[PDB]
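Colleague: sequence isn't available, so here's the structure alone:
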């Protein structure tokens, strides 16, 4: 919207073209993460953690 | 159910107990007697009431 | 354990697959909180390649309802065990008995 | 270790004889412990004076009737138990009532003795009819702790007394009724705290505040034998900063400075060069009639004594 | 006019079990003190207990060490049962390192001066391997009552080492308490009562200290009760006089310097009211009146709790 454009011009706020989606912990549950598994399809570049 | 049971117990009288036939000047001293352990919670007694 | 049971507790405990049960009775040679290694009795040793019996236990994995199913060793070093004895208690099991 | 001590001691005494007392915040469970102890002590063990026995000059037994009194003897017993008497010096005294004429014999008609004060002078006792209205009797007041009913004395009254001696329950404790409620209270972050509501009505003689007061007194006196931690302490340790610095002691005068300058530092609360040395520029500069000349003057003199401007030193 | 209880013989039948007797109790307070003392004893008695444990080769409560048979959780619970007595410090870090086959007893702990382990026979784990070795560091704090992990989470305070293994602190040494009132025949008296308090603890607190601590706490709260204010007061005044005395007083009453004096004078500033009402610019225009004078009048109205605005 215009006014937000005005704000971006004012402060010079480079808008990030990527939205957040991270899988955060459900509300009101607290415990220890005991294990992690990672499944990459064949072909894609395995990350270091995999 | 619990309430009614408590009242039933408290109000029921018994032929013979502690303080049979002693006369109290009012209810507040009745409570004095029961909480002081000088008479059973139910016992036939003559009290003045307004 | 239940203080007042009915006797079925052992039947159910063994029959459920969560307990670990002895196949050839013997002596507990090695016990660790992941595996039970049993030295077979010479009678029960297969003539060709009897060797010892190794039971790997299952540690906290997620059940269908999100409950934990963990097996703990019951017996101690050097204890003699017989065929059909209860090695490890599964979830909500004690010394072979059902303890809900 | 470090406990939580109660604050905000609020007391709403509707009808001075009736006192409601609210207290927070209290650690878990202490509501019932103290409510119960206090209740027990107040109720069962309180030194007081009360009517024990009375002798009627005209009738000999509690079941007979006196002519011209509509109230039966037991009725008078019940009325007189309510009489609140406070004796000062004597341990047991035997008062006599002798009254004539029509109407309700009231507490005011009691024989006026030295030590005894009747807290409720308007208590009716008996109703006397016309033209006869002659009553004389002896009411015995004795001191004791707690509550002792007549029935236990007459049970253990192997010391048989002459006829007419009507025994009465001795209600020494001045409190007629006492109760305590415990309810939820949170200290801004801790929710497991409690409020204590003590409702107490006494029989006039003693004021409620003092009732609670001496109840707690007795309990503290019982415990006193054990509690002994009564430690003392000091704020901090001595000084390691002697503010006697050998060059800074002498007075400003040694600077042989202009009058103007002097009068200005003086009027600026500067006495010894030990004050000046610890003086903010802005101050010396604002002093009216203190300009470049006067300021440079002060500065040059401080430089001559080997010192600088805006000097620093703590504790002076 | 009463008696008062004197602390008499304190029997130790076992290290854990103790009976404390009180002879000269007035009738009626037997139960009162029995109950109060029991309450305080069970509720608030300070004790020490393990607060946390750090073992190296374990990231979280649920993994398992080679060469041991207890699971990590059972080791924590057994440590929870560990009864330890520290004298001076509040937080001590004990170090346990043992190898080889055997049941790990409490005695194997690296023994520090201030620490007394009352029952070293308390088992912790069972080794099962020639080379199986455990090393751990137990942090023990003193506290009262019962504190679970979940509240302690607030006070993380850089728990950054993920190796930290938190256990709930059951800060309470007393396990069981009973009392009996029995007729206390003193050589010249009819009706006195004797209190017999039977107390069973984890074997850390001695009876006399416990009983004294309880009496202390009760004494503190009853002292708190002793005063009852009932006080009232009239103070509440009005807070806006005609013009506020600290605004009526005349400039003369301010006393500064002949210059500033004649300045206010010939400036028509006669009252500290008119004064506090005027701003800098006001005086800047007066001839021979400038920055320093005015600033002086300001530094003085500084201690006169009034500014210029």
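Modeller: Right, received. Where do you want to start? Residues are numbered from 1 along each chain as shown, chains lettered A, B, ... in the order given.
Colleague: how about the helices in chain D?
Modeller: Taking DSSP state H, the helices of chain D run over residues D:30-44, D:73-81, D:150-155, D:208-223, D:259-267, D:273-276, D:281-286, D:292-304.
Colleague: for chain B, give me its nearest residue in the stretch 51-200 of chain D.
Modeller: As assessed by CB to the nearest CB, chain B sits closest to residue D:177 within the stretch 51-200 of chain D, at 4.3 Å. (C-beta placed from N, C-alpha, C; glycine too.)
Colleague: what sits opposite that residue in the beta ladder?
Modeller: Bridge pairing for residue D:177 (DSSP bridges) gives the partners residue D:201.
Colleague: contacting residues for whichever residue of chain C sits closest to chain B?
Modeller: At 28.4 Å from chain B, residue C:4 is the closest residue in chain C, using CB to the nearest CB. Residue C:4 makes no contacts at all, as judged by CB atoms under 8 Å, 6 or more residues apart in numbering or on different chains.
Colleague: gap between it and chain A?
Modeller: 35 Å (CB to the nearest CB, to the nearest Å).
Colleague: coming back round to it: count the residues that sit near the residue of the stretch 51-200 of chain D closest to chain B.
Modeller: 19 (other CB atoms under 10 Å in any protein chain shown).
Colleague: show me where the chain has its helices.
Modeller: I'll assume chain A. Using DSSP H, the helices found in chain A span residues A:2-11.
Colleague: my question was about chain C, not that one.
Modeller: C:8-15.
Colleague: chain B now?
Modeller: For chain B, applying DSSP H gives helices covering B:2-11, B:27-35.
Colleague: most packed of the ones you listed?
Modeller: helix B:27-35 (a mean of 17; mean count of other CB atoms under 10 Å in any protein chain shown).
Colleague: elements contacting that helix?
Modeller: Counting contacts by 3 or more CB pairs under 8 Å, 6 or more residues apart in numbering or on different chains; DSSP states H and E, helix B:27-35 is packed against helix D:30-44, strand D:175-187.
Colleague: quick one: distance of the first one to the chain centre.
Modeller: The gap between where helix D:30-44 is centred and where its chain is centred comes out at 18 Å by CA atoms, centre = their mean, to the nearest Å.
Colleague: ok, now the last one?
Modeller: Taking CA atoms, centre = their mean, one finds the center of strand D:175-187 at 19 Å from the center of the full chain.
Colleague: what comes into contact with that strand?
Modeller: Applying CB under 8 Å, 6+ apart, the external contacts of strand D:175-187 come out as B:28-29, B:31-32, D:4, D:24-26, D:31-32, D:35-36, D:38-39, D:42-43, D:46, D:191-203, D:211.
Colleague: one more pass at 6 Å, please.
Modeller: B:28, D:24-25, D:31-32, D:35, D:39, D:42-43, D:193-195, D:197-203, D:211 (CB atoms under 6 Å, 6 or more residues apart in numbering or on different chains).
Colleague: same check, this time on stretch D:41-49
Modeller: Contacts for stretch D:41-49 (CB under 6 Å, 6+ apart): B:36, D:85, D:87, D:141, D:143, D:145-146, D:172-175, D:178, D:215, D:219, E:28.
Colleague: what about 7 Å?
Modeller: Contact with stretch D:41-49 is made by B:32, B:35-36, D:85-87, D:141-143, D:145-147, D:172-175, D:178, D:211, D:215, D:218-219, E:28, E:32, as judged by CB atoms under 7 Å, 6 or more residues apart in numbering or on different chains.
Colleague: any idea how far residue D:42 is from residue D:311?
Modeller: Residue D:42 is 69 Å from residue D:311, where distance means CB to CB, to the nearest Å.
Colleague: so in terms of bridging, what pairs with residue D:23?
Modeller: Bridge pairing for residue D:23 - DSSP bridges - gives residue D:9, residue D:196.
Colleague: so who does it touch?
Modeller: Contact partners of residue D:23, counting by CB under 7 Å, 6+ apart, are D:6, D:9, D:195, D:196.
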